[PDB]
Each structure stands twice: as C-alpha cells, then as structure tokens.
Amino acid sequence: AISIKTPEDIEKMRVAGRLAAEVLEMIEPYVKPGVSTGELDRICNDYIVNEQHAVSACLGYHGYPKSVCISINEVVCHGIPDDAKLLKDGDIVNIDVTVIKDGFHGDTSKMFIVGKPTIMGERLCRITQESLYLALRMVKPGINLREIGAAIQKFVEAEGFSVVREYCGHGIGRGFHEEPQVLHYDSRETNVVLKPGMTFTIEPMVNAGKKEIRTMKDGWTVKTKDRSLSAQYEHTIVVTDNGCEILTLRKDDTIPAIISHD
C-alpha cells in the first residue's frame, strides 16, 4: 500500500516542501523571550495565506484548531498556540508546519532555543536532529523502514534519552498522512521496503526522560508523563534511485539536500 509519485508530482512536492521550510525560516526572528505562541501562529498563518498563497493543512485536521503546532519544553507535540502562553529564556520550542500548495503537502518542524540555551536543552535538540539526520542518510531503495527505526532508537537511547512510541513519520502527498507509517523505533510489525518515488516524513520525538506521555484535557496538548523535556525535528523527503532528496531543507540545516549513495 505504497504510492509512487510521478516526476510532475515530485516537483509539486518540492514546491510545497520549500514553502513549509520557508515558514520556519521566516518565523525564526520572532521566536524570542516574551512572545506568545498565539501571535507566532498568527504570523505563520498570515505568511502562508497572504505571502505563499498556500494554506495550513493542520487547521481542521481531525479538528485541530490552529495553523501550526507549537510545543514548549515538556510538551511532546500538538501544543496549541495561545495568546496567554509566553516564551521565556531557556525554553526549547518546536514549531511544526504543514502546508498544502497545488494539492500537495509539505511537512516539517524544528526546535528553536529561546534566549540563553541550557546545556541539556541544547544537547537534547542536537541529538534529536542528529537522529533524524542519521535516518536520512540511510534512506535508499531496498532498505526496510524497520532498519531505519531501529537505528534511530539505538542512537537516541545510547544518549540516555527515549523515543516516543505513539507518533510516527508518514507517507505524504495529496494526503496529509498516507501510508506507510514510519516508526522511529524497532517494531516486529514493521516491514516496508523503500522504492524510488516514495515520499514520506521522518519526525522523531525524543524525551530526555521516560517514553511515556500524557494528553492534556484540551484533547490535544501532549506532555511527557514525567514532565521531562522533549524535542522533535522533521523533514519530508522523496526516495531517489540511489538515496533521497530532502524537500524541506532550510539554510540552517547541516545536511545536504541531495543524499546520494553508491
């Protein structure tokens, strides 16, 4: 149950992915102490609608109320932007964006450290991004997703961190969440061999403490059960003939857009 994108569709995914990445590049300057997550969401939405001439794929998805997800510190994902929630010195914050342009989805997120970074916050973000990077370097036809998931987990746990099990990467295209499911840990259920033309995301959620999570009573905000810090990075990619191409690369990424093997 895997869809292979055509050359024309891949190009449309390049545009959509570029826009998603540019939302993150655009919002960066605004992520400072004192700003509310609510205003950040409005800034992102105005940019997506009025500048990119695109739309947020998150607003309305399964009932999601905002345009982007903004998760702070112990919040694992789906943090709901609120005008009463202000960023403060030392915070680590994930902004997850998904835009739809010309029928295709671009999905990506990154961590931002607010004000003076704490060594542990910086470490968690660094390791989480590196876990995404190592997985990306493994992508190529013939490899099984189980191997990639196993590699992410092994690396993350070697750092004394844990991998959230409830959420996974996913196929993406005209649909937000398409097959296959891309687990970030080793599961005996996973058996998917990559093929050229497949487009999916890798978005590991890593906790500094234990893997268990808790959903708040707003039905969206997810936090670590032990309230330890949590970080996430995500990229949308297309499998090429001998590797992959990152469709949501940013200027601050320290990995190449085109990853070729041999």
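Numbers follow the displayed sequence, beginning with 1.
The stretch with the higher mean CA B factor, choosing between 199-207 and 46-54, is 46-54. Across the two stretches, 70-78 and 86-94, the PDB entry reports the greater mean Cα temperature factor for 86-94. Across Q129, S162, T118, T108, the entry's maximum B-factor at the CA atom is seen for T118. The deposited CA B-factor of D218 belongs to the highest third of values across its chain. Ranked within its chain, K140 lands in the middle third, by CA B factor from the PDB record. Annotation for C125: CA B-factor lies in the lowest third of the chain's modelled residues. In the PDB entry, a CA B factor belonging to the lowest third of its chain's modelled residues is recorded for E234. Split the chain's modelled residues into thirds by C-alpha temperature factor. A158 is in the highest one.
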